[PDB]
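Peer 1: Here's a structure for you.
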Amino acid sequence: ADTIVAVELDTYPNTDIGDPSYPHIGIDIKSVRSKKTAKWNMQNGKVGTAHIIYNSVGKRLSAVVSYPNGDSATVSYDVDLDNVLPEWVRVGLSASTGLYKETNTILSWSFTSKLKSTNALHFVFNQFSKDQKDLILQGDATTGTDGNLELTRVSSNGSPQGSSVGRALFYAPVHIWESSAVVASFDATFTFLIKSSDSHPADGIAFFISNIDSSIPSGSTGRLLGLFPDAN
Amino acid sequence: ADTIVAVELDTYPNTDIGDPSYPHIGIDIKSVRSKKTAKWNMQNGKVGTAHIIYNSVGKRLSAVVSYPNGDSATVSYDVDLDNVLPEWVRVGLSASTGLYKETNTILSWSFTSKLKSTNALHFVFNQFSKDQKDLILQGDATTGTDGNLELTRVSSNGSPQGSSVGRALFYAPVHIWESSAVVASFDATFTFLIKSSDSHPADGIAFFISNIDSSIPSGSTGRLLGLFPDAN
Amino acid sequence: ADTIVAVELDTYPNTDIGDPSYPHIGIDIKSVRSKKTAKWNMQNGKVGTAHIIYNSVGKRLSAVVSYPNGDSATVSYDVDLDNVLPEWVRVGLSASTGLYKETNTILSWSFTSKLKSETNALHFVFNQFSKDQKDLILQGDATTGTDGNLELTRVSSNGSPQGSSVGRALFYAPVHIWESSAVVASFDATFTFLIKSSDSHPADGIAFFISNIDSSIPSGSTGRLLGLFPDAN
Amino acid sequence: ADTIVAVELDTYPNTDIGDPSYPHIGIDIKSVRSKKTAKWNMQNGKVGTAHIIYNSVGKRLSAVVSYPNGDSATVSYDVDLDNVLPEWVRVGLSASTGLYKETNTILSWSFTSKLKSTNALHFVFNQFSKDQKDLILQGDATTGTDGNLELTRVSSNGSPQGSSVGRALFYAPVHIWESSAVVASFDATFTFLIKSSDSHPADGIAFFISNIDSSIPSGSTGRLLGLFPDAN
Ligand SMILES: Nc1ncnc2c1ncn2[C@H]1C[C@H](O)[C@@H](COP(=O)(O)OC[C@H]2O[C@@H](n3cnc4c(N)ncnc43)C[C@@H]2O)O1
C-alpha cells in the first residue's frame, strides 16, 4: 500500500493485535504495532493539543499530547527516517471509528519543514473552509461552517458515527529529505476535540507521512485508523 | 484564456502596444498594458532581485528591482484586488523570448501569504531540485543540474533560444483573499540572471497570479510574456 | 525630547486640541495631532485586535482595529519614515487615563521587522506575559503578570480601573528600523486588548509607538496625551 | 564565573586538559571537558556552517559542523536543560586565540526559541554593521565595514593576532524555559571563516548559553574559549 510513519492517539485498547491494556500514544513505523507507547489520560470533551518534532541530526522522532489541565503524554523513537520514507511524501491527518465511536474534530493544524543544506514549507490552518481547495479529503472527512475539520462522520445531532474513517492531506507533495540536505527537519501541531459517550471511545487520531499518492487502504475502519491494510 | 495579476520586468520596448520607449518595470492588471511603468536600467549578465509586496489594508501593490551595485527601480498601484482575483488562485513565474533572446534563470524563489482573520502559506526555493515535484512547469521551463530553474530554453553551450516561452507554477492553490479575513496579504521574492549580447535582449520576466487551473495562452511567446492571449 | 511615530486608539474625544467628536484611530507623526483620522466604534468590554503595517517600498503606513463581530476601522498614511525616525529605535505599547478611565488590558503583542538588503530580521510574539518579563522595559503604572496580562494602566484589586493613570511597555533590545543598505525596510505589529469602563465616556486609550532607544514617559503626559507627548502642540 | 552550556569548535588538540588528540567539536556542560566529542576535519580558510538544536520533548542536544564540499561532523547529548540553565538566559558567541592564532570571522548568525504552551523570539544577522546597537560586544570582538563580526583581534593587513579573546551577545534576554511550557525548544545557526597557516591553529569558536549578566572570565583566553574561569 503506502509506506507509513505515523503518530497514533489510540483511544481504544485493541489488545489482540497488540496495544497495551489502556488508551495510549504510539510511534508507528510501517505497522499498526507501535514501536513505542506511552500511557495517555484521554480527557473527554476537552480540547487537547499535539506536537510532533523531528530533526535528522538528533535522529529522535518525538511526540507530546496535552490538555489545559496540564496532563502530558510523551514518547520518543531513535530513527533515520531517512531509511523509511522516499525523497517525496505527503502530509495528512487520519481518524476512524467502529463499534465504539467518538468525534474527531481538528480545530487547527500547523506544519513546518526545512532542508538547511534552504528549502522550506510552512502552512498553518487555524480555521477551515466549507470548500478547502488546498486539502485533499478522503473518506468521511468534510469541513466548514462551524469552521472545523470533521475527520469522521458526525450526524446532525452532534452524534458521532460508528464505523467511520477520514483523511485530510495538504495539496502539495512535501520534500522531506534529500542527499543534499545537511539537515532534514520537520515539526507539526494539532488541536483536537475527542468526545463520546461509550464505555471507552474509539478509535483515535493520527498525524501521518507517506508517498504522494496515498489513499485509504480499504477495510481500515476502527482499530486501523485508516492507515494500514492489515494488522501484521 | 485565464485571469492575471502580474509584475513585468519588460525588457524589449514593444511600443506599438504601449511599452515605453525603454526597459521598464510595470504592474499589469488583466492586460499586457501596464497600469504603471517605471524606468528600469537593466544590467546585463548580473544577478538582480525583485520583491513584490501587497497588503490589503492600505491596498497598494508594490514592486522593486535592484542590482548589487545599488541601482533600484520602483512602481506602485493602489487597488482592491478584491475585484480582480477569485478567492482561490495559483502562483508562479513566466519568461519568454521571440527574435531577440536572453537567459531567464531564476536562482531563488520565495512567497508568503496570510489571512489575519490565521491562515498562512510560506514556501522558499533556494535550490531547484532536478525532478522538483512541487512545481507545475509549463512550456520550455526545466530545472536541474546547475541548481536552477531554466524558464526559457537554453542550448548546451549556454546559448539561449529565441521564440521560447516558459512558466513555473508552485503546486498548491493559495487562499489569497477571504470574505472572513480582516487582512489579506502577500509578498514574493526572486533572484534572476538575464544575459544576452543582442542589441536589446527580449522579452523579460514576470511573477504572476491567476486562477488555479492556468495554462500558457497559445502564441504568447515574446512580447506577451506567456501571460496574455491578446494585446488588448 | 523623543521622536514619536505611533498609532492611537483614541477613545476620548479630546477636541479643544483637535481629535474629532468621536472615538477614532489616528496616525500620529510627532504630534498628538494626527495626520490622518478614521471613525472607530468603541465596543466596550470586548477583546479587539489591531494590525499596523508599513513597507518602505509603498511608503504607506496602515492601521486596522476590529472586534470579533467583524466591526472594522481603517486609516492609512503615505510617508517615508526614512527621514523621521533614526536608523535605531525602540518599540512598545502605551496607555493612559484621567477624569475618566478604563482597563488597558493587552492580551497578546507581536511585532516583525526586516531589512531585505538575506536580511536582518526580528520576530517576537507575546501570547503570555509573566510575573516577571525580563525582556519588557516597564514604565509608569505598567505591570505584567497574574491573570497573564500586560496591565498598562492602574487597575486595582476590585476590577475597578484607576483614573489618571499612565503606562508604557517596550521590548528590551533596540530595533534597526531602516538602513541605507535596505531595499525594503518594513515592519508589522499586532496586539489584542480589552477596554472596559463606565463613566460618561471612558478615557483615554491605547497606542503603538516607535521612538529613540532612550525614550521615556514625558512628564504630565497622563490623560489626553497617551503617555506620548510633552505638549498638545 | 557564571553558568555555561555550549558547542565547541575546538581547533587545537589540548590534551593535558582532555580534548581528544585532534580538531573536534564538543558539547560542554558547565565544564571545558566535553561530555561528548566528535572528529572534525578543520578546513582551513573555507567557510563552514554550524547548526545546533534542542527540543525539551526528546531532550537531545544536537550539533552539525560542515563545509560546502559535503564533509560533516556530528555529536549528540541527551540532557534536560531543566536542570542546567535558568528560566532566563542570554545567547551569544565566543572565540579565542593563544600561543597560536586564527581568524574568527562569523558571516551570519541566527537563533530562534519558543514556548509552545506561544511565546517566540527569532533574530538573524546576515550583515553585521559597524556600530551595532543590538549586540553586546565583549573583549576583542568588533564589527563593520567588511560586513562581518570579528571575534578575535585581527590587525590591518588581515593578520590574525595571537592571544585574543572575544564575545558577541544578542541584546535582549531569552526565555529559554518555563513551568507553563509544554514544549520549549531552540535552534541556532552560524557561518564562519577560520583561516591560518600556523602549526595547528587555535583555539576555536563556540556558541554559548548563559545568564543575562555574563561576561568574559579573567584569563579565559586561548584554550578556555572565553567561556570558563578554570580548567576543571
Ligand atoms: N504562522 C506561523 N506559525 C509558526 N511559525 C511561524 C509562522 N510564520 C513564521 N513562522 C516561522 C517560525 C520559523 O522561524 C520559520 C520556519 O521556517 P521557514 O521554513 O519559513 O524558515 C524561517 C522563517 O523565518 C523568517 N525569518 C525571517 N528572516 C529570517 C532569517 N534570516 N533566518 C531565519 N528565519 C527568518 C523567514 C522564514 O519564513 O517560520
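Please note that chains go A, B, ... in the order of the C-alpha cells, that every chain numbers its residues from 1, and that ligands are numbered from 1 in the order shown.
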With only C-alpha atoms as the counted atoms, please give the residues lying no more than 12 Å from residue 139 in chain B, apart from itself and same-chain residues fewer than 5 positions off, as a PyMOL selection string.
Peer 2: chain B and resi 93-96+150-153+163-169+215-221+226
Peer 1: Would you write out, as CSV, a table of all residues in chain A that have an atom no more than 6 Å from an atom of chain B, listing for each the closest atom pair and the distance in Å to one decimal, considering only C-alpha atoms and ordering rows by chain and rising residue number?
Peer 2:
residue,atom,partner,partner_atom,distance
A:118,CA,B:126,CA,5.5
A:119,CA,B:125,CA,5.0
A:120,CA,B:124,CA,5.5
A:121,CA,B:123,CA,4.8
A:122,CA,B:122,CA,5.0
A:123,CA,B:121,CA,4.6
A:124,CA,B:120,CA,5.6
A:125,CA,B:119,CA,5.4
A:126,CA,B:118,CA,5.5
A:134,CA,B:173,CA,5.7
A:171,CA,B:172,CA,5.6
A:172,CA,B:172,CA,5.4
A:173,CA,B:134,CA,6.0
Peer 1: Counting only C-alpha atoms, a student should be able to say which residues of chain C come within 8 Å of chain D; what is the right answer, written as a list in words?
Peer 2: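 Per the criterion, chain C yields residues 88, 118, 119, 120, 121, 122, 123, 124, 125, 126, 127, 128, 134, 135, 172, 173, 174 and 175 of chain C.
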Peer 1: Have a look at A:22, A:74, A:185, A:223 and name the one nearest to ligand 1; count only C-alpha atoms and all ligand atoms.
Peer 2: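 When distances to ligand 1 are compared using only C-alpha atoms and all ligand atoms, the smallest one comes from A:185.
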Peer 1: For ligand 1, which residue among A:199, A:111, A:207, A:26 is the nearest when counting only C-alpha atoms and all ligand atoms?
Peer 2: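 Ranking A:199, A:111, A:207, A:26 by distance to ligand 1, first place goes to A:111.
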Peer 1: Need to verify the contact set: residue 3 in chain A, 8 Å, only C-alpha atoms, exclusion of same-chain residues closer than 5 positions in sequence. Can you return it as a ChimeraX atom specification?
Peer 2: /A:30,84-85,210-211
Peer 1: Skipping near chain neighbours, those fewer than 6 positions away, what residues fall within 8 Å of residue 208 in chain A using only C-alpha atoms, listed as a ChimeraX atom specification?
Peer 2: /A:4-7,91-94
Peer 1: Please produce a file of those selected residues containing N, CA and C atoms, as an mmCIF file, in the first residue's frame.
Peer 2:
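This went into part09.cif:
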data_model
loop_
_atom_site.group_PDB
_atom_site.id
_atom_site.type_symbol
_atom_site.label_atom_id
_atom_site.label_comp_id
_atom_site.auth_asym_id
_atom_site.auth_seq_id
_atom_site.Cartn_x
_atom_site.Cartn_y
_atom_site.Cartn_z
ATOM 1 N N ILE A 4 4.200 3.993 5.636
ATOM 2 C CA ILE A 4 3.688 4.888 6.646
ATOM 3 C C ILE A 4 4.596 5.054 7.857
ATOM 4 N N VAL A 5 4.811 6.325 8.198
ATOM 5 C CA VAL A 5 5.276 6.733 9.513
ATOM 6 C C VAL A 5 4.134 7.575 10.103
ATOM 7 N N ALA A 6 3.699 7.238 11.326
ATOM 8 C CA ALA A 6 2.542 7.903 11.934
ATOM 9 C C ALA A 6 2.625 8.118 13.449
ATOM 10 N N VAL A 7 1.846 9.087 13.945
ATOM 11 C CA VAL A 7 1.676 9.319 15.392
ATOM 12 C C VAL A 7 0.243 8.971 15.872
ATOM 13 N N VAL A 91 1.749 14.943 3.540
ATOM 14 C CA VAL A 91 1.403 15.012 4.968
ATOM 15 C C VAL A 91 -0.117 15.095 5.154
ATOM 16 N N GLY A 92 -0.632 14.403 6.172
ATOM 17 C CA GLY A 92 -2.085 14.369 6.417
ATOM 18 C C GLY A 92 -2.545 13.972 7.807
ATOM 19 N N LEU A 93 -3.852 14.072 8.021
ATOM 20 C CA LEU A 93 -4.481 13.697 9.294
ATOM 21 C C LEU A 93 -5.486 12.543 9.103
ATOM 22 N N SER A 94 -5.481 11.583 10.033
ATOM 23 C CA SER A 94 -6.353 10.413 9.942
ATOM 24 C C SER A 94 -7.087 10.145 11.241
#
Peer 1: Work out how far apart CA of residue 177 in chain C and CA of residue 176 in chain D are and give it in Å to one decimal.
Peer 2: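 Here the two named atoms are 25.8 Å from each other.
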Peer 1: Got a sec: who's within 12 Å of residue 155 in chain D, counting only C-alpha atoms, leaving out chain neighbours fewer than 5 positions off, as a PyMOL selection string?
Peer 2: chain D and resi 102-103+140+142+150+160-162+164
Peer 1: From the list D:214, D:105, D:31, D:189, which residue is nearest ligand 1 when using only C-alpha atoms and all ligand atoms?
Peer 2: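 That would be D:189, the residue with the smallest distance to ligand 1.
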Peer 1: State, in Å with one decimal place, the distance from CA of residue 183 in chain B to CA of residue 195 in chain C.
Peer 2: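 The value is 22.4 Å.
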Peer 1: For range 210-224 of chain C, find every residue with an atom within 8 Å (counting only C-alpha atoms), except residues of its own chain fewer than 5 positions away, and show them as a VMD selection string.
Peer 2: chain C and resid 2 to 6 12 14 85 to 86 88 to 92 96 to 99 139 to 140 164 to 166 168 174 203 to 204 229 to 231
Peer 1: As a PyMOL selection string, which residues of range 102-212 of chain D does DSSP assign to strand (DSSP E)?
Peer 2: chain D and resi 105-116+119-125+135-139+149-150+165-170+174-175+183-193+204-210
Peer 1: Take the residues from that selection and put them in a file with N, CA and C atoms, as a compact mmCIF listing (two decimals), in the first residue's frame.
Peer 2:
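Full text of result17.txt as output:
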# COMPACT_ATOMS: atom_id res chain seq x y z
N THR D 105 35.96 34.72 12.17
CA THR D 105 35.05 35.51 11.34
C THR D 105 33.69 34.84 11.13
N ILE D 106 32.67 35.41 11.77
CA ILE D 106 31.28 34.98 11.65
C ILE D 106 30.61 35.80 10.56
N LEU D 107 30.07 35.13 9.54
CA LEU D 107 29.42 35.83 8.42
C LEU D 107 27.87 35.91 8.50
N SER D 108 27.28 35.18 9.45
CA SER D 108 25.85 35.27 9.71
C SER D 108 25.54 34.49 10.99
N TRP D 109 24.50 34.90 11.71
CA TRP D 109 24.14 34.26 12.96
C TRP D 109 22.68 34.45 13.15
N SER D 110 21.97 33.33 13.31
CA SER D 110 20.53 33.36 13.62
C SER D 110 20.13 32.34 14.70
N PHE D 111 19.16 32.75 15.53
CA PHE D 111 18.68 31.96 16.65
C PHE D 111 17.14 32.10 16.76
N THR D 112 16.47 31.01 17.15
CA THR D 112 15.04 31.04 17.48
C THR D 112 14.72 30.23 18.77
N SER D 113 13.83 30.75 19.62
CA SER D 113 13.27 29.99 20.76
C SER D 113 11.76 30.18 20.93
N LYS D 114 11.08 29.11 21.33
CA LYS D 114 9.63 29.15 21.57
C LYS D 114 9.23 28.44 22.88
N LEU D 115 8.10 28.88 23.43
CA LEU D 115 7.39 28.18 24.50
C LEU D 115 5.97 27.79 24.03
N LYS D 116 5.85 26.61 23.42
CA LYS D 116 4.57 26.08 22.90
C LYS D 116 3.66 25.59 24.07
N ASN D 119 5.01 31.84 23.08
CA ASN D 119 6.00 32.91 23.19
C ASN D 119 7.22 32.57 22.32
N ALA D 120 7.61 33.47 21.41
CA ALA D 120 8.73 33.18 20.49
C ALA D 120 9.66 34.35 20.19
N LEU D 121 10.96 34.06 20.06
CA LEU D 121 11.92 35.06 19.60
C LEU D 121 12.79 34.55 18.46
N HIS D 122 12.98 35.36 17.34
CA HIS D 122 13.56 34.91 16.07
C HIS D 122 14.42 36.03 15.56
N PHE D 123 15.68 35.95 15.67
CA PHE D 123 16.54 37.03 15.20
C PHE D 123 17.58 36.45 14.26
N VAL D 124 18.12 37.30 13.39
CA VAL D 124 19.10 36.89 12.38
C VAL D 124 19.93 38.06 11.85
N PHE D 125 21.25 37.88 11.90
CA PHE D 125 22.20 38.83 11.33
C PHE D 125 22.81 38.25 10.07
N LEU D 135 23.87 44.36 19.53
CA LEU D 135 24.90 43.46 20.03
C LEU D 135 25.62 44.02 21.27
N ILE D 136 25.81 43.14 22.24
CA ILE D 136 26.71 43.38 23.35
C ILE D 136 28.07 42.78 22.92
N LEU D 137 29.09 43.63 22.74
CA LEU D 137 30.40 43.12 22.39
C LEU D 137 31.26 43.04 23.62
N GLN D 138 32.03 41.96 23.73
CA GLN D 138 32.94 41.79 24.85
C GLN D 138 34.34 41.42 24.39
N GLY D 139 35.33 41.95 25.10
CA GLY D 139 36.73 41.60 24.89
C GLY D 139 37.30 42.29 23.68
N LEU D 149 31.29 40.01 11.80
CA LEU D 149 31.68 40.09 13.20
C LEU D 149 33.06 39.42 13.40
N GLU D 150 34.04 40.20 13.84
CA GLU D 150 35.39 39.69 14.04
C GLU D 150 35.62 39.38 15.49
N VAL D 165 40.89 37.31 23.06
CA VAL D 165 39.58 36.76 23.46
C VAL D 165 38.41 37.68 23.09
N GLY D 166 37.36 37.11 22.48
CA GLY D 166 36.20 37.91 22.04
C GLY D 166 34.82 37.26 22.16
N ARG D 167 33.81 38.11 22.37
CA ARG D 167 32.41 37.69 22.57
C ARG D 167 31.41 38.71 22.02
N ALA D 168 30.32 38.18 21.45
CA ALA D 168 29.17 38.95 20.97
C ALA D 168 27.86 38.32 21.47
N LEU D 169 27.08 39.11 22.19
CA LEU D 169 25.87 38.64 22.86
C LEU D 169 24.70 39.46 22.37
N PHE D 170 23.63 38.79 21.95
CA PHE D 170 22.42 39.47 21.49
C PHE D 170 21.73 40.17 22.65
N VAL D 174 16.53 35.86 26.68
CA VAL D 174 15.69 34.85 26.09
C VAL D 174 15.09 33.96 27.18
N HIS D 175 13.76 33.92 27.24
CA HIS D 175 13.04 32.86 27.97
C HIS D 175 13.36 31.52 27.34
N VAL D 183 6.05 22.50 25.44
CA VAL D 183 7.32 22.38 24.70
C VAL D 183 8.12 23.69 24.83
N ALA D 184 9.43 23.55 24.96
CA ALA D 184 10.35 24.67 24.98
C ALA D 184 11.55 24.19 24.18
N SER D 185 11.79 24.80 23.03
CA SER D 185 12.84 24.29 22.14
C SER D 185 13.54 25.42 21.41
N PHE D 186 14.81 25.19 21.06
CA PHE D 186 15.54 26.19 20.32
C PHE D 186 16.39 25.63 19.18
N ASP D 187 16.87 26.54 18.33
CA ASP D 187 17.95 26.27 17.37
C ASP D 187 18.74 27.53 17.02
N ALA D 188 20.04 27.34 16.77
CA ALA D 188 20.98 28.39 16.36
C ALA D 188 21.63 28.01 15.03
N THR D 189 22.16 29.01 14.34
CA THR D 189 22.90 28.83 13.09
C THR D 189 23.97 29.90 12.93
N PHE D 190 25.15 29.51 12.44
CA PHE D 190 26.18 30.48 12.07
C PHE D 190 27.14 30.03 10.97
N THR D 191 27.55 30.97 10.14
CA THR D 191 28.54 30.70 9.10
C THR D 191 29.87 31.36 9.50
N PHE D 192 30.99 30.68 9.22
CA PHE D 192 32.31 31.10 9.71
C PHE D 192 33.49 30.82 8.77
N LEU D 193 34.50 31.69 8.85
CA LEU D 193 35.77 31.57 8.12
C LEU D 193 37.00 31.51 9.06
N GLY D 204 39.56 28.17 18.68
CA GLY D 204 38.29 27.69 18.14
C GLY D 204 37.15 28.64 18.41
N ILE D 205 35.98 28.27 17.91
CA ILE D 205 34.78 29.08 18.07
C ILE D 205 33.72 28.31 18.85
N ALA D 206 32.97 29.03 19.68
CA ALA D 206 31.88 28.42 20.43
C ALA D 206 30.60 29.26 20.43
N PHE D 207 29.47 28.58 20.24
CA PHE D 207 28.15 29.17 20.53
C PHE D 207 27.81 28.85 21.99
N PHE D 208 27.38 29.87 22.76
CA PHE D 208 27.04 29.65 24.19
C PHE D 208 25.62 30.07 24.67
N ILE D 209 25.15 29.43 25.75
CA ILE D 209 24.02 29.92 26.56
C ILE D 209 24.50 30.10 28.00
N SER D 210 24.05 31.19 28.63
CA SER D 210 24.45 31.55 29.98
C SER D 210 23.51 32.63 30.51
Peer 1: For ligand 1, which of C:158, C:112, C:181, C:190 is the closest residue, counting only C-alpha atoms and all ligand atoms?
Peer 2: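 Among the listed residues, C:112 lies closest to ligand 1.
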Peer 1: What separation in Å, quoted to one decimal, exists between CA of residue 33 in chain D and CA of residue 86 in chain D?
Peer 2: 21.3 Å
Peer 1: Give me the residues near range 17-21 of chain D as an NGL selection string, where near means some atom within 9 Å (using only C-alpha atoms) and where sequence neighbours in that chain fewer than 4 positions away do not count.
Peer 2: :D and (10 or 12-13 or 26 or 32-34 or 37-39 or 231-232)
